[PDB]
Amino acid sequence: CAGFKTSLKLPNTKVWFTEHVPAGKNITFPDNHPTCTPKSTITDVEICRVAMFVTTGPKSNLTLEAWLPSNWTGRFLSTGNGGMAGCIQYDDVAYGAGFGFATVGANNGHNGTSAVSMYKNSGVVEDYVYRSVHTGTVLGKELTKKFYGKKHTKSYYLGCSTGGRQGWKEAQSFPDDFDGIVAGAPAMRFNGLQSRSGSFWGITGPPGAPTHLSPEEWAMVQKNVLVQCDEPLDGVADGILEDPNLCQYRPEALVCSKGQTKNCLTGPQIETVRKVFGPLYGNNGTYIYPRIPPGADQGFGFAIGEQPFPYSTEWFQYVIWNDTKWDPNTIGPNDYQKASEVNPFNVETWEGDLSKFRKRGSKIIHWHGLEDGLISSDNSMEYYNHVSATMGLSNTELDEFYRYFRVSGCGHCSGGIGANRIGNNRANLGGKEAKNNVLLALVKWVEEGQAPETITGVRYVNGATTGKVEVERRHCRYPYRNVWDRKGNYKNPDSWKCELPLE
C-alpha cells in the first residue's frame, strides 16, 4: 500500500499518494472543493486509499480515487456524480469498499458544484458527459489488477441522478465496462431535463408575480393532491401515491371564490400548477419532457422556488448558448430546441438500443423514487417504453437484462415518507440481503442468474436511520402496479401484490 504509491504506473496518471486506513476511521477531505460534500466519511473496513490525477487532454483532467479493501471479494465497483459536480461521492465509495468491492470514484472532470469550468472548454464537458466515469473504470480495473495480483471477477456501477444518467451512458455507449449497473433516478434525456427544470421559473415567474406560488402555496397544492389522488386511487391514505400515472390533479378544486384571497389559488396560479404537473412541448409541437408528477414533493423546491435554477441556467449559459449573459427569465422553446441540437457528446443519454449490453450478458437495475420532484419519475417509464419500442422487446423479454423499479414514497436518491430504504446508498440503506438491498440484488442477478422480481424498501420506526421496521414494501418492476389487498395492514408487505393484468 505504502509502496504502491511508487510501483503503480498508469497511462496519463500521477499517483499523489497512497494511504493505509483501518476499519472505523473518520477519513477527512481537506482538499475537497468548499462546495463539495461530505467533508469526511467513515470506512467500516480496512482500505488502501489511492488518490490520482488523470490528464484527459491539453486542458481537461480528473481526480480519481480507488479505495481498495484488505478483504477483497474480487469485485470492482465504479461510483458516479451528482448535479453539475464536480465531487467524488465518498459515502458511495465507502459503501462499496464496506462490501469488499475495490471501489473507484472520480470528480467528473472539474472541482465543485458549478459548471463554470465547462465554459469554452469542451474537454471538461466531455469528462462530465462520459469520459470521467469511463476512464475511471478502465484505470480502476488496471490498478485493481496491479494491487491484488489478479483481475477483478465482475464489474459493477452504482449511481443516482447525474450518476444514474452516467450508469445509462455506460449501458448505452460503453456496454463492456460493467457486467451489472444500478442506475437511480437518472438525469437521462439530459437536455430535456435541463429544459424542463429551467422552464419552471418561466412558468411561475418571480416571487410576487401573479403566476408564482410561495412554498406554503405549493404545500397546500400537495395536500390537495393527496385529497384527489391518494386513498381514491390506491385505497391507502399514507400520503404516498402508489402509482401516480392514475393521478390527473384538478387545481380548480382550490380556486379563490368572490373575495376569498387566502388558502386558495387564483386563475394565474391554477395555470401554473397545470403547467408544472403538465408536459413540456416546444417549437413545431415537439415533445421536450414529461410533467413533474403530483405528489412528488422531495427536492421540488430546488428548480421550483424563489430564484432561477442553477443547473439549467449554467447549462444554457456555459454549454448550449456559450453566453454568460443568457437570461433564465426569458427561457423558452428556442432554448429547448437549441439544447437538443447541440447535445454535447450525446449527453441526452436517450439511446433505446441496448443490443450490446443485452448480448454480452450484462444486467441493469433501473429505479426511480415516485416522490422525486427534482427528476420526474415519469421520464424513467418513458425511457423503459422507448427501449421496448426501439428493440422490439416486450416487458418479459426486457425482464431478462433490464428491470425498472418504481419505488413509492421515495424521494431524490433518498428520503421520502414511504418504505424508501432500498440500499442504493448509505443515506437510503435498509437491510443487507439481495431482496432488500439493490446492490446485492445486482450481484445476485449477475453472479447467480436470479433477477429481482421486486426490490424491498423499509421505513424504520419514526423515520429513523435504523431500528424496528415500521413499513416494508416490495416495490414493483414496471409495468406492474402495487395493489393493496383491501384487508391486510398496509404497513405489512404481505398486504400488497405487484399486478400486471394480461386478460
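When you see a residue number, it is the position in the sequence shown, counting from 1.
On average the C-alpha atoms of 80 to 88 have higher B-factors than those of the other stretch, with 285 to 293 and 80 to 88 being the two compared. Here the stretch with the larger average CA B-factor, out of 70 to 78 and 204 to 212, is 70 to 78. When the Cα B-factors of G167, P328, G259, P344 are read from the PDB record, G259 comes out highest. Compared with the other modelled residues of the chain, the Cα B-factor recorded for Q298 ranks in the middle third. In this PDB entry, the Cα temperature factor of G235 sits in the middle third of its chain's modelled residues. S394: CA B factor lies in the middle third for its chain, per the PDB record.
Among the modelled residues of the chain, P268 sits in the lowest third by CA temperature factor in this PDB entry. In this PDB entry, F147 carries a Cα temperature factor that places it within the highest third of its chain's modelled residues.
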